[PDB]
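K.L.:
Please find target11.cif (mmCIF, C-alpha atoms) on the next line:
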data_upload
loop_
_atom_site.group_PDB
_atom_site.id
_atom_site.type_symbol
_atom_site.label_atom_id
_atom_site.label_comp_id
_atom_site.auth_asym_id
_atom_site.auth_seq_id
_atom_site.Cartn_x
_atom_site.Cartn_y
_atom_site.Cartn_z
ATOM 1 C CA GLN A 4 0.379 -22.410 3.021
ATOM 2 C CA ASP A 5 2.144 -23.400 -0.203
ATOM 3 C CA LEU A 6 2.667 -19.701 -0.957
ATOM 4 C CA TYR A 7 4.455 -19.317 2.365
ATOM 5 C CA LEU A 8 6.138 -22.713 2.355
ATOM 6 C CA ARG A 9 7.538 -22.679 -1.183
ATOM 7 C CA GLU A 10 8.653 -19.040 -0.948
ATOM 8 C CA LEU A 11 10.394 -19.740 2.359
ATOM 9 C CA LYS A 12 11.994 -22.957 1.112
ATOM 10 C CA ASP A 13 13.431 -21.207 -1.943
ATOM 11 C CA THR A 14 14.349 -18.365 0.432
ATOM 12 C CA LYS A 15 16.340 -20.774 2.579
ATOM 13 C CA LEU A 16 17.640 -23.052 -0.168
ATOM 14 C CA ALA A 17 18.970 -20.753 -2.887
ATOM 15 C CA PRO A 18 21.396 -19.181 -0.367
ATOM 16 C CA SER A 19 21.877 -22.585 1.296
ATOM 17 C CA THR A 20 24.250 -23.418 -1.565
ATOM 18 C CA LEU A 21 26.103 -20.219 -0.581
ATOM 19 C CA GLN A 22 26.388 -20.748 3.185
ATOM 20 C CA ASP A 23 25.647 -24.327 4.279
ATOM 21 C CA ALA A 24 27.379 -26.310 1.525
ATOM 22 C CA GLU A 25 30.446 -24.550 0.132
ATOM 23 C CA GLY A 26 29.434 -24.753 -3.514
ATOM 24 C CA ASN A 27 30.480 -21.151 -4.100
ATOM 25 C CA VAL A 28 27.445 -19.536 -5.714
ATOM 26 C CA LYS A 29 25.789 -20.820 -8.884
ATOM 27 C CA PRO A 30 24.212 -17.450 -10.016
ATOM 28 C CA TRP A 31 27.162 -15.189 -9.137
ATOM 29 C CA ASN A 32 29.896 -15.269 -11.773
ATOM 30 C CA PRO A 33 32.520 -13.778 -9.378
ATOM 31 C CA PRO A 34 33.372 -16.160 -6.529
ATOM 32 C CA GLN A 35 32.495 -15.481 -2.891
ATOM 33 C CA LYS A 36 35.355 -17.321 -1.158
ATOM 34 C CA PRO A 37 38.419 -15.116 -2.200
ATOM 35 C CA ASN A 38 36.774 -11.896 -1.001
ATOM 36 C CA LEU A 39 35.983 -11.936 2.740
ATOM 37 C CA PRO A 40 37.781 -15.034 4.202
ATOM 38 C CA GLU A 41 40.862 -14.675 1.963
ATOM 39 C CA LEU A 42 41.502 -11.186 0.574
ATOM 40 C CA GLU A 43 39.720 -9.104 3.194
ATOM 41 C CA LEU A 44 40.537 -11.591 5.939
ATOM 42 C CA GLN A 45 43.392 -9.116 6.243
ATOM 43 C CA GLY A 46 40.636 -6.500 5.780
ATOM 44 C CA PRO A 47 40.763 -4.622 9.105
ATOM 45 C CA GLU A 48 44.556 -4.809 8.914
ATOM 46 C CA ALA A 49 44.198 -3.538 5.380
ATOM 47 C CA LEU A 50 41.967 -0.965 7.088
ATOM 48 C CA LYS A 51 44.600 -0.486 9.814
ATOM 49 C CA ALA A 52 48.372 -0.737 9.774
ATOM 50 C CA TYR A 53 49.944 -4.179 9.730
ATOM 51 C CA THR A 54 53.126 -5.223 11.636
ATOM 52 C CA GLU A 55 53.242 -2.160 13.875
ATOM 53 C CA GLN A 56 49.654 -1.409 14.894
ATOM 54 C CA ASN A 57 48.145 -4.902 14.870
ATOM 55 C CA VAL A 58 51.331 -6.647 16.005
ATOM 56 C CA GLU A 59 51.076 -3.735 18.511
ATOM 57 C CA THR A 60 54.873 -3.102 19.057
ATOM 58 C CA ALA A 61 55.674 -4.143 22.611
ATOM 59 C CA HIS A 62 58.426 -1.547 22.646
ATOM 60 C CA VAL A 63 61.000 -0.976 25.366
ATOM 61 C CA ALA A 64 60.954 2.536 26.786
ATOM 62 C CA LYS A 65 63.910 4.618 25.624
ATOM 63 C CA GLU A 66 65.801 5.142 28.860
ATOM 64 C CA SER A 67 66.554 8.752 29.716
ATOM 65 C CA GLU A 68 69.087 9.358 32.485
ATOM 66 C CA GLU A 69 70.011 11.790 35.249
ATOM 67 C CA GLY A 70 72.362 14.744 34.557
ATOM 68 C CA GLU A 71 75.314 12.518 33.526
ATOM 69 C CA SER A 72 76.368 12.009 37.198
ATOM 70 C CA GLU A 73 78.727 15.015 37.155
ATOM 71 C CA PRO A 74 78.165 17.155 40.281
ATOM 72 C CA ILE A 75 81.401 19.175 40.455
ATOM 73 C CA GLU A 76 82.185 21.308 37.400
ATOM 74 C CA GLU A 77 78.489 22.199 37.226
ATOM 75 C CA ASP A 78 77.473 22.538 40.905
ATOM 76 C CA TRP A 79 80.323 24.910 41.675
ATOM 77 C CA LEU A 80 79.423 26.997 38.630
ATOM 78 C CA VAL A 81 75.837 26.901 39.940
ATOM 79 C CA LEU A 82 77.107 28.173 43.298
ATOM 80 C CA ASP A 83 79.135 30.954 41.633
ATOM 81 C CA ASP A 84 76.169 31.949 39.462
ATOM 82 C CA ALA A 85 74.069 31.803 42.629
ATOM 83 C CA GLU A 86 76.468 34.302 44.196
ATOM 84 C CA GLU A 87 75.785 36.350 41.049
ATOM 85 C CA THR A 88 71.992 36.015 41.323
ATOM 86 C CA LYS A 89 72.112 36.881 45.025
ATOM 87 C CA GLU A 90 74.098 39.986 44.091
ATOM 88 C CA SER A 91 71.099 40.561 41.830
ATOM 89 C CA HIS A 92 68.696 39.504 44.622
ATOM 90 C CA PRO B 7 -34.663 5.817 10.032
ATOM 91 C CA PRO B 8 -32.857 6.256 6.709
ATOM 92 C CA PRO B 9 -31.061 3.413 4.913
ATOM 93 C CA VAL B 10 -27.320 3.124 4.310
ATOM 94 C CA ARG B 11 -26.104 6.681 3.754
ATOM 95 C CA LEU B 12 -25.356 8.051 0.313
ATOM 96 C CA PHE B 13 -23.253 10.617 2.189
ATOM 97 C CA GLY B 14 -24.040 14.063 0.964
ATOM 98 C CA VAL B 15 -22.980 15.024 -2.535
ATOM 99 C CA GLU B 16 -25.732 14.388 -5.097
ATOM 100 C CA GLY B 17 -26.916 11.118 -3.632
ATOM 101 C CA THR B 18 -29.112 13.404 -1.570
ATOM 102 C CA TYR B 19 -31.495 13.595 -4.527
ATOM 103 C CA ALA B 20 -31.592 9.806 -4.530
ATOM 104 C CA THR B 21 -31.675 9.781 -0.716
ATOM 105 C CA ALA B 22 -34.691 12.071 -0.511
ATOM 106 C CA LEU B 23 -36.322 10.210 -3.409
ATOM 107 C CA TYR B 24 -36.027 6.928 -1.535
ATOM 108 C CA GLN B 25 -36.961 8.116 1.949
ATOM 109 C CA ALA B 26 -39.937 10.097 0.674
ATOM 110 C CA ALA B 27 -40.988 7.313 -1.670
ATOM 111 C CA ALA B 28 -40.469 4.536 0.888
ATOM 112 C CA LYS B 29 -42.878 6.045 3.428
ATOM 113 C CA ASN B 30 -45.390 4.062 1.370
ATOM 114 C CA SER B 31 -43.224 1.368 -0.232
ATOM 115 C CA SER B 32 -43.576 1.649 -4.033
ATOM 116 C CA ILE B 33 -39.776 1.760 -4.111
ATOM 117 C CA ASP B 34 -39.814 -1.409 -6.145
ATOM 118 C CA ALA B 35 -42.212 0.339 -8.508
ATOM 119 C CA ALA B 36 -40.224 3.572 -8.249
ATOM 120 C CA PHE B 37 -37.097 1.453 -8.673
ATOM 121 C CA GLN B 38 -38.460 -0.172 -11.814
ATOM 122 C CA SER B 39 -39.449 3.243 -13.131
ATOM 123 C CA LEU B 40 -35.871 4.384 -12.512
ATOM 124 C CA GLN B 41 -34.522 1.309 -14.289
ATOM 125 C CA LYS B 42 -36.888 1.991 -17.167
ATOM 126 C CA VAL B 43 -36.039 5.667 -17.454
ATOM 127 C CA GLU B 44 -32.295 4.996 -17.289
ATOM 128 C CA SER B 45 -32.967 2.331 -19.895
ATOM 129 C CA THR B 46 -34.745 4.725 -22.238
ATOM 130 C CA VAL B 47 -31.908 7.166 -21.671
ATOM 131 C CA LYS B 48 -29.660 4.269 -22.648
ATOM 132 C CA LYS B 49 -31.971 2.996 -25.418
ATOM 133 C CA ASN B 50 -31.744 6.474 -26.946
ATOM 134 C CA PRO B 51 -28.071 7.205 -26.272
ATOM 135 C CA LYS B 52 -27.810 10.004 -28.835
ATOM 136 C CA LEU B 53 -29.177 13.045 -26.949
ATOM 137 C CA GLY B 54 -30.411 10.958 -24.075
ATOM 138 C CA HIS B 55 -26.957 11.202 -22.558
ATOM 139 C CA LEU B 56 -25.795 13.924 -24.977
ATOM 140 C CA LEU B 57 -28.774 15.985 -23.793
ATOM 141 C CA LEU B 58 -27.953 16.130 -20.131
ATOM 142 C CA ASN B 59 -25.957 19.233 -20.921
ATOM 143 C CA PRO B 60 -26.309 22.325 -18.763
ATOM 144 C CA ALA B 61 -26.209 24.941 -21.514
ATOM 145 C CA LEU B 62 -29.671 24.333 -22.868
ATOM 146 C CA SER B 63 -32.448 26.124 -21.017
ATOM 147 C CA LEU B 64 -34.966 25.909 -18.253
ATOM 148 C CA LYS B 65 -37.786 25.510 -20.766
ATOM 149 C CA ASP B 66 -36.029 23.052 -23.058
ATOM 150 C CA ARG B 67 -34.898 20.961 -20.083
ATOM 151 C CA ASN B 68 -38.534 20.803 -18.985
ATOM 152 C CA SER B 69 -39.506 19.835 -22.525
ATOM 153 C CA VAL B 70 -36.955 17.013 -22.468
ATOM 154 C CA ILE B 71 -38.665 15.884 -19.260
ATOM 155 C CA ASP B 72 -41.859 16.099 -21.323
ATOM 156 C CA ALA B 73 -40.263 13.871 -23.969
ATOM 157 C CA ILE B 74 -39.352 11.419 -21.214
ATOM 158 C CA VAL B 75 -42.954 11.305 -19.997
ATOM 159 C CA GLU B 76 -44.063 11.322 -23.631
ATOM 160 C CA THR B 77 -42.484 7.898 -24.040
ATOM 161 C CA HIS B 78 -45.478 5.900 -22.798
ATOM 162 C CA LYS B 79 -45.559 5.485 -19.024
ATOM 163 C CA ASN B 80 -41.782 5.663 -18.622
ATOM 164 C CA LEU B 81 -42.106 7.754 -15.467
ATOM 165 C CA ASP B 82 -44.328 6.689 -12.582
ATOM 166 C CA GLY B 83 -44.934 8.224 -9.168
ATOM 167 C CA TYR B 84 -42.555 10.688 -7.553
ATOM 168 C CA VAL B 85 -39.859 10.090 -10.180
ATOM 169 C CA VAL B 86 -41.378 12.518 -12.660
ATOM 170 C CA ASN B 87 -41.482 15.330 -10.085
ATOM 171 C CA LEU B 88 -38.069 14.205 -9.134
ATOM 172 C CA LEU B 89 -37.191 15.090 -12.781
ATOM 173 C CA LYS B 90 -39.309 18.234 -12.598
ATOM 174 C CA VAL B 91 -37.102 19.351 -9.759
ATOM 175 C CA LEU B 92 -34.007 17.814 -11.309
ATOM 176 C CA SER B 93 -34.724 19.552 -14.615
ATOM 177 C CA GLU B 94 -35.254 22.857 -12.825
ATOM 178 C CA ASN B 95 -32.244 22.148 -10.633
ATOM 179 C CA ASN B 96 -30.377 21.312 -13.829
ATOM 180 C CA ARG B 97 -28.644 18.445 -12.046
ATOM 181 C CA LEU B 98 -29.787 16.218 -14.895
ATOM 182 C CA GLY B 99 -26.255 15.408 -16.006
ATOM 183 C CA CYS B 100 -25.462 13.637 -12.734
ATOM 184 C CA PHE B 101 -28.487 11.416 -13.242
ATOM 185 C CA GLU B 102 -26.580 8.254 -14.051
ATOM 186 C CA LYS B 103 -24.981 8.457 -10.606
ATOM 187 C CA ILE B 104 -28.414 8.757 -8.978
ATOM 188 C CA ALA B 105 -29.620 5.620 -10.778
ATOM 189 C CA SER B 106 -26.719 3.346 -9.805
ATOM 190 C CA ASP B 107 -26.890 4.731 -6.274
ATOM 191 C CA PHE B 108 -30.580 4.022 -5.922
ATOM 192 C CA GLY B 109 -29.750 0.557 -7.177
ATOM 193 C CA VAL B 110 -27.169 0.212 -4.433
ATOM 194 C CA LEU B 111 -29.665 1.341 -1.823
ATOM 195 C CA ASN B 112 -32.346 -0.961 -3.212
ATOM 196 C CA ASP B 113 -30.212 -4.092 -3.343
ATOM 197 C CA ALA B 114 -29.003 -3.143 0.110
ATOM 198 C CA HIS B 115 -32.647 -3.341 1.148
ATOM 199 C CA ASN B 116 -32.683 -6.766 -0.480
ATOM 200 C CA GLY B 117 -29.363 -7.341 1.237
ATOM 201 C CA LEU B 118 -27.279 -8.315 -1.787
ATOM 202 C CA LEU B 119 -23.886 -7.794 -0.185
ATOM 203 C CA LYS B 120 -21.877 -7.411 -3.372
ATOM 204 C CA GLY B 121 -18.411 -8.863 -2.970
ATOM 205 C CA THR B 122 -15.356 -9.451 -5.119
ATOM 206 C CA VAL B 123 -12.667 -12.065 -5.598
ATOM 207 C CA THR B 124 -9.838 -10.151 -7.193
ATOM 208 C CA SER B 125 -7.223 -12.023 -9.213
ATOM 209 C CA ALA B 126 -4.777 -11.353 -12.034
ATOM 210 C CA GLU B 127 -6.523 -13.920 -14.262
ATOM 211 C CA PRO B 128 -10.088 -15.285 -14.343
ATOM 212 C CA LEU B 129 -10.662 -18.610 -12.668
ATOM 213 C CA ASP B 130 -12.586 -21.861 -13.029
ATOM 214 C CA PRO B 131 -16.202 -22.084 -11.934
ATOM 215 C CA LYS B 132 -15.550 -24.601 -9.158
ATOM 216 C CA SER B 133 -13.467 -22.064 -7.249
ATOM 217 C CA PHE B 134 -16.138 -19.429 -7.833
ATOM 218 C CA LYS B 135 -18.857 -21.688 -6.501
ATOM 219 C CA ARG B 136 -16.995 -22.926 -3.450
ATOM 220 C CA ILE B 137 -16.024 -19.391 -2.465
ATOM 221 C CA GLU B 138 -19.521 -18.113 -3.179
ATOM 222 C CA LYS B 139 -21.166 -20.462 -0.693
ATOM 223 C CA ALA B 140 -18.352 -19.954 1.818
ATOM 224 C CA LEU B 141 -18.929 -16.231 2.318
ATOM 225 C CA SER B 142 -22.677 -16.683 1.856
ATOM 226 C CA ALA B 143 -22.915 -19.016 4.852
ATOM 227 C CA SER B 144 -20.174 -17.130 6.706
ATOM 228 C CA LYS B 145 -20.923 -14.823 9.628
ATOM 229 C CA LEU B 146 -20.351 -11.958 7.187
ATOM 230 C CA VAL B 147 -23.736 -12.535 5.604
ATOM 231 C CA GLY B 148 -26.293 -13.006 8.348
ATOM 232 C CA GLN B 149 -28.526 -14.870 5.899
ATOM 233 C CA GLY B 150 -31.927 -13.603 4.958
ATOM 234 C CA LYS B 151 -29.801 -11.573 2.540
ATOM 235 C CA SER B 152 -28.064 -12.552 -0.666
ATOM 236 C CA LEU B 153 -24.459 -12.495 -1.825
ATOM 237 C CA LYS B 154 -23.310 -11.603 -5.313
ATOM 238 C CA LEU B 155 -19.647 -12.176 -6.166
ATOM 239 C CA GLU B 156 -17.466 -10.900 -8.991
ATOM 240 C CA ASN B 157 -14.069 -12.091 -10.103
ATOM 241 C CA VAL B 158 -12.005 -9.324 -11.655
ATOM 242 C CA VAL B 159 -8.647 -9.460 -13.400
ATOM 243 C CA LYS B 160 -5.912 -7.245 -11.966
ATOM 244 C CA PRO B 161 -2.406 -7.074 -13.465
ATOM 245 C CA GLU B 162 -1.271 -4.618 -10.807
ATOM 246 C CA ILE B 163 -1.369 -7.665 -8.522
ATOM 247 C CA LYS B 164 0.947 -10.585 -9.235
ATOM 248 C CA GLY B 165 -1.695 -13.276 -8.839
ATOM 249 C CA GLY B 166 -3.248 -15.012 -5.871
ATOM 250 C CA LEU B 167 -6.677 -13.791 -4.830
ATOM 251 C CA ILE B 168 -8.305 -11.341 -2.447
ATOM 252 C CA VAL B 169 -11.851 -11.482 -1.094
ATOM 253 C CA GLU B 170 -13.712 -8.238 -0.548
ATOM 254 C CA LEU B 171 -17.058 -7.106 0.832
ATOM 255 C CA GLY B 172 -18.542 -4.955 3.583
ATOM 256 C CA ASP B 173 -15.366 -2.833 3.530
ATOM 257 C CA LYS B 174 -13.880 -6.015 4.977
ATOM 258 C CA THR B 175 -11.291 -7.940 3.044
ATOM 259 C CA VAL B 176 -8.776 -10.744 3.182
ATOM 260 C CA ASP B 177 -5.665 -10.817 1.011
ATOM 261 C CA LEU B 178 -3.734 -14.069 0.877
ATOM 262 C CA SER B 179 -2.369 -13.355 -2.596
ATOM 263 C CA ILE B 180 1.200 -13.257 -3.870
ATOM 264 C CA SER B 181 2.082 -9.595 -4.323
ATOM 265 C CA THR B 182 1.479 -8.583 -0.724
ATOM 266 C CA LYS B 183 3.304 -11.644 0.559
ATOM 267 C CA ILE B 184 6.334 -10.893 -1.579
ATOM 268 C CA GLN B 185 6.141 -7.403 -0.114
ATOM 269 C CA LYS B 186 6.154 -8.808 3.407
ATOM 270 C CA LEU B 187 8.919 -11.086 2.140
ATOM 271 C CA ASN B 188 11.051 -8.099 1.157
ATOM 272 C CA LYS B 189 10.259 -6.075 4.280
ATOM 273 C CA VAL B 190 11.348 -8.735 6.723
ATOM 274 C CA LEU B 191 14.615 -9.221 4.816
ATOM 275 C CA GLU B 192 15.154 -5.442 4.666
ATOM 276 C CA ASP B 193 16.462 -5.412 8.252
ATOM 277 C CA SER B 194 20.059 -5.943 9.300
#
How does the structure come out when it is put into structure tokens?

P.N.:
Amino acid sequence: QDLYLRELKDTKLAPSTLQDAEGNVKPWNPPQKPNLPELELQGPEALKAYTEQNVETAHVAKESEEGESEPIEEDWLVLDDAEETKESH
Amino acid sequence: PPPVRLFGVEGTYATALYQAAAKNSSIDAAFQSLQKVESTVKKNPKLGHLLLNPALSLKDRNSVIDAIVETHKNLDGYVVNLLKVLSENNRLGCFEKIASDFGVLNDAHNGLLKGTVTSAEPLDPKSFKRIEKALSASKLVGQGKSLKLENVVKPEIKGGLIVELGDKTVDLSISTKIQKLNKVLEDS
């Protein structure tokens, strides 16, 4: 079917210069190469944050400590205030 | 056993005219009388068609039927009484329709299965002839019955051709295929 065959061959061929052989695109005056594989190759990381979100920041946990390892001047005040709270108990 | 139905509205005059005429053939003679009376309506187009108006009369309508039978033996058989009734029934205006429809019924009795080979431009005779015989000898026509065939020009189509007859058709043209060409590419 020369209807079918010639329509389908032009259907394959006129984008075959756009996809198979990298001859840019004869009918399009803007180019096709510096849009998706060059400019928006950083597209999703122009859609997300670069260098913290996509590099993902393997970050060390900020180390919190115990109560500064001082169990004298605070525990005896706790025991005196506990005398006070038991006088309230 | 009626023929192919004229389906109700105002072919029923033509339907009754056939099936009451045909009980004793004469439908070729009645048919030729109908051709001749539609001809003398057409041969006198001023107030043959312009006098199928409803606002005239009962009497003057009957007198126009008298002018139709006054023209030699224009009418013959039931077709005058047909007109007697039609005149009284004042359905004279839709008389052209009756004619063409009786023609359809008649050439159905002959079996001329009118077809069509639509295009956007008229074609060479060789294509006409080859197609003509094709359908003619095809299972479509069971033979013993004819097969007209009309090429028409259609701009609303983009070319190609489509064969039509017996409410059965094949389109292999261009427009529809482009359509199917756009539909399939309309998916993700």

K.L.:
Would you kindly report the residues of chain B within 12 Å of chain A, using all atoms listed in the file, as number ranges by chain?

P.N.:
B: 165-167, 178-188, 190-191

K.L.:
How big is the axis-aligned box around all listed atoms of stretch 38-51 of chain A once 4 Å goes on each side, and where's its centre, in Å to one decimal, as lines of an AutoDock Vina configuration file?

P.N.:
center_x = 40.3
center_y = -7.8
center_z = 4.4
size_x = 16.6
size_y = 22.5
size_z = 18.8

K.L.:
Under the rule that all atoms listed in the file are counted, which of B:158, B:104, B:64, B:123 is the nearest residue to residue B:137?

P.N.:
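So, comparing all the options, the nearest one is B:123.
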
K.L.:
For residue B:38, please output as a PyMOL selection string all residues within 10 Å (counting all atoms listed in the file; exclusion window: fewer than 3 positions along the same chain).

P.N.:
chain B and resi 32-35+41-44+80-82+109

K.L.:
Between atom CA of residue B:24 and atom CA of residue B:73, measure the distance and give it in Å to one decimal.

P.N.:
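A separation of 23.9 Å between them.
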